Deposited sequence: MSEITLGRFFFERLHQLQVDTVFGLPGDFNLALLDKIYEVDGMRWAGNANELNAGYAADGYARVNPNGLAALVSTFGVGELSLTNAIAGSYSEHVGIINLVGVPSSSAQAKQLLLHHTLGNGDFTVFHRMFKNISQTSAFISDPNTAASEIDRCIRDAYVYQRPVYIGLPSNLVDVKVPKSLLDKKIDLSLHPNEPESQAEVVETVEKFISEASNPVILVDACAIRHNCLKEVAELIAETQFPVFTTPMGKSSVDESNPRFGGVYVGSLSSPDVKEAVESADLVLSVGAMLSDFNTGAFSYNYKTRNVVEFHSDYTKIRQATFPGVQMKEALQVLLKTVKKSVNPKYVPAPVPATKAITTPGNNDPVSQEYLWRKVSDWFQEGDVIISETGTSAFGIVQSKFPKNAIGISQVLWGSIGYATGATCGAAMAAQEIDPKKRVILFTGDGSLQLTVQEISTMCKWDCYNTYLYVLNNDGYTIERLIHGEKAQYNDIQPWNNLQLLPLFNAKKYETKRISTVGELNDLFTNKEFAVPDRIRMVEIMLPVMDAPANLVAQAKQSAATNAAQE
């Protein structure tokens, strides 16, 4: 009793709750896409373009419980349009199953080299498979999907059209893909734990610092237990924001070196012990595949198991003399709305489980100062920093949220400029009735973050003004609402509006801001960049 390899692929996605598939059809993937419809619960997004599909997949993966998403593109024209999306997924460790339909000409570089596109993707892929052999095809799909999950990174699967309809035992699906990690080397683990507990013993002012890899490698429960057991002040990076429940009274804010609110700079940098969890690269750093303790590297000591074993005894290794350290902590209605006011005030509007997406620009710098609710999912592409990403990701994040909980809201802060690069993916949001979605657009008449560092008045920092609020109706939103916010009063009213808080329609809000207005932290970097 048999299934097509094509169907096998989508069945594996369904098993890992990857129930939305991003990308676009083309000459060499049509036979494969036919198979999504054979798998109960699965939908093809039908993206507005490939780059946006890739951005969507990235957004989806950051909400998907297993941290996975799937892309299907066509040979050459499809894959190369997604290049920058996969690069960013690699950069920030996002588990993308990037499948490309390839031939058994047209969409060629004029030569006869059919691997040229596969070779380009090796630099931004954890692993590849240009699948040929029918006998190993199922195993290879499984192997690639495992690597994506384990290393939390993109993988390239080239599937020739001829191998889509090749028959395979249905029984293969009865054995789940092996997602488990090898156990840590016992002696290396023991040494790490012994040494870490020893330094916690001798510390007077220890702090916990959580970065993004703590999220990717599923250590958020472990991190919460570590805060519980030690009662140490805890902080995140901007890339790691939402790793820690910011409701926790021990949470001290977001560490950004010299760009931190001075209280954060002092609390972190005055510490005699830093317990770093999942840094992206007297200090302890737990990483995915090793542990650093000062200038010593312990190769192979994986962070999840190490933390789990640490938590069994960590409380009783705390200095007996240690006291839980204290942690860091009004305009007119018709005053124009400011960056400073907006990022403070949005804290009051967020709710448990909000997906909160911030584009590179004033938005990403601003949201740092904002306070997230319990079980917030933060998305900010701080490392790769490709503008446009946030709008594509919002599409994927919204479709993932739809599959988890209809009550779960997905909130975007994009600039006017970044919106332009990836605007057509709002189409896809409207196609799938993403009534969970809030598109906040900051209109400051161009590229304000760039104006601050270089070329304040230069024409390259200009953008064509758009009637942005006409976008949702142009893309035929079935049920939608639009608002323009110019004042503190309008913003306050919007954030206490009971109807607006309910995710029952797709919304866009345009917030009018001065050309050169910026959050305090970005004003600081601008001044020291000079």
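By the record, the deposited chain contains unmodelled runs at 1, 106 to 114, 292 to 306, 355 to 359, 561 to 567, with no C-alpha atoms placed there.
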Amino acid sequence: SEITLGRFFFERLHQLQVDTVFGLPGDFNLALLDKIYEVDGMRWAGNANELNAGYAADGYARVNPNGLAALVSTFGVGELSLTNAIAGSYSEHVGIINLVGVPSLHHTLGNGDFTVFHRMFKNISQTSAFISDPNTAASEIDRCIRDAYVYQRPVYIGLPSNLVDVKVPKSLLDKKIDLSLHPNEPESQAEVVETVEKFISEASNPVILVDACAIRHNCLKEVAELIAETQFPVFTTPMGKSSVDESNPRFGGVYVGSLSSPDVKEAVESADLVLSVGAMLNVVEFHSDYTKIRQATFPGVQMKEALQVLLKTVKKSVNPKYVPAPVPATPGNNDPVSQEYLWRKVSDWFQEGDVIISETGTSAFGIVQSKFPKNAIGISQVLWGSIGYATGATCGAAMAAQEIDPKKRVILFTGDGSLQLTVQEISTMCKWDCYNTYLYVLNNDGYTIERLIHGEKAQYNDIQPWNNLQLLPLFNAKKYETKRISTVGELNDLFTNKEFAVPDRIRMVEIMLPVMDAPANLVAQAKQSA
From here on, numbers count along this sequence of modelled residues.
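Averaged over Cα atoms, the B-factor as recorded in the entry is higher for 162 to 170 than for the other of 241 to 249 and 162 to 170. Looking at mean Cα B-factors across 434 to 442 and 401 to 409, the upper value is held by 401 to 409.
In the PDB entry, the Cα temperature factor peaks, among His93, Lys312, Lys175, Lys304, at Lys175. Among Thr362, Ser261, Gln189, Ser81, the highest C-alpha B-factor recorded in the PDB entry belongs to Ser261.
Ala57: CA B factor in the lowest third of modelled residues in this chain (values from the PDB entry). Per-chain ranking of the deposited C-alpha B factor places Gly67 in the middle third. When the modelled residues of the chain are ordered by their C-alpha B factor, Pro514 lands in the middle third. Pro206 sits in the middle third of its chain by CA B factor, as recorded in the PDB entry.
Ranked within its chain, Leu24 lands in the lowest third, by CA B factor from the PDB record.
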